[PDB]
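# Coordinate inspection notes
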Amino acid sequence: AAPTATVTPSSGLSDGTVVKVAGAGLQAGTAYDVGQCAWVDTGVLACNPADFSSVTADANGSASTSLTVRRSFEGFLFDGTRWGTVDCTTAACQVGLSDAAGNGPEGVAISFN
Ligand SMILES: O=c1cc(-c2ccccc2)oc2ccccc12
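Residues numbered from 1 in each chain as written, not as in the entry; some residues may be left out. Heavy atoms only, no water.

For this coordinate set, the PDB header names solution NMR as the determination method.

Next comes the structure, spelled out in structure tokens:
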């Protein structure tokens, strides 16, 4: 079926901005982890365990959350292993939203001003 992932990426904003994430039409009961998961290695991405707020799907099958995009964050995988400190000063960051396994909406990139 066609889900309804409506998120608000930080385009043209500075660091410390609150990214709005609202995913509807998901699996009610599943916990979705969302963070500023950006590129950390070749084909490898990593989320931030510092300012993260995993949201569980409600009885409507929707999950709304908000994350704070930092300039530098600790990159962590979905398994629990870290990859290193990611820094988006000269590079651009992005938002990552997926379940404990790694399924969900497509990633959206963000850019500072
Ligand atoms: O920590 C990780 C975060 C993300 C990710 C999920 C959705 C959108 C962008 C990035 O993907 C991975 C893929 C493999 C291993 C770790 C990760």
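Moving on, there is more to tell.
### Let's talk about empty space enclosed by the protein
Keep this limit in mind: Cavities and pockets are defined on a 1 Å grid built over the protein atoms alone: a cavity is a set of grid points where a 1.4 Å probe fits but cannot escape, while a pocket is an open set with protein on both sides within 12 Å along at least five of seven lines, and lining residues are those with an atom within 4 Å of any such point. Grid points are joined across faces, edges and corners, and a volume is the space filled by probe spheres set on the points. Secondary structure counts use DSSP, requiring at least four H or I residues in a row for a helix and at least two E residues in a row for a strand, with both numbered from the N terminus. Polar here means any residue outside two lists: the nonpolar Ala, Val, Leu, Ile, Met, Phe, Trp, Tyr, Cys and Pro, and the charged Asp, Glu, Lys and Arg; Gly therefore counts as polar.
Counted under the stated rule, the structure contains one cavity of 30 Å³ or more. If you add up the space inside the largest cavity, you get close to 80 Å³. Lining of the largest cavity is provided by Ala5, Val7, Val21, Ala22, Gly23, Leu26, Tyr32, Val34, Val55, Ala63, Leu97 and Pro105. For the lining of the largest cavity, the secondary-structure elements that each account for two or more residues are strand 1 (4-8), strand 2 (18-24) and strand 3 (31-35). Examining the composition of the lining of the largest cavity, we find that three residues originate from one element, strand 2, more than from any other. Each residue belonging to the lining of the largest cavity can be placed in one class, and the counts come to eleven nonpolar, one polar and no charged.

### A word on the UniProt feature "disulfide bond" in the protein
Applicable threshold: The rule for a disulfide is simple: a pair of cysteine sulfur atoms within 2.5 Å. UniProt positions are given in the numbering used here, feature names are shortened, and annotations may be inferred rather than shown by experiment. Buried residues are those whose accessible area, probed at 1.4 Å on protein chains only, stays under 20% of the maximum for their type, while exposed residues exceed 50% and partly exposed ones sit between those limits.
Between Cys37 and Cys47 the annotated UniProt disulfide holds up in this structure, with the two sulfurs at 2.0 Å. Here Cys47 lies in the loop between strand 5 (44-46) and strand 6 (55-56) and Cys37 lies in the loop between strand 3 and strand 4 (38-41), a separation of ten residues in the sequence. Each member of the pair, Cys37 as well as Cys47, carries the same accessibility label: buried. The sulfur-sulfur separation between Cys88 and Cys93, a disulfide according to UniProt, is 2.0 Å, below the 2.5 Å limit, so the bridge is formed here.

### Focus: the state of the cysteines
The full count for this structure, using the stated rule, is two disulfides. Each sulfur in the disulfide pair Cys37 and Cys47 lies 2.0 Å from the other. Where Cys37 bonds to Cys47 through sulfur, the torsion about that S-S bond is close to 95°, and the disulfide is right-handed. Residue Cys88 pairs covalently with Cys93 via a disulfide, S to S 2.0 Å. On the sign convention where negative means left-handed, the S-S torsion of about 90° between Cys88 and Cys93 marks this disulfide as right-handed.

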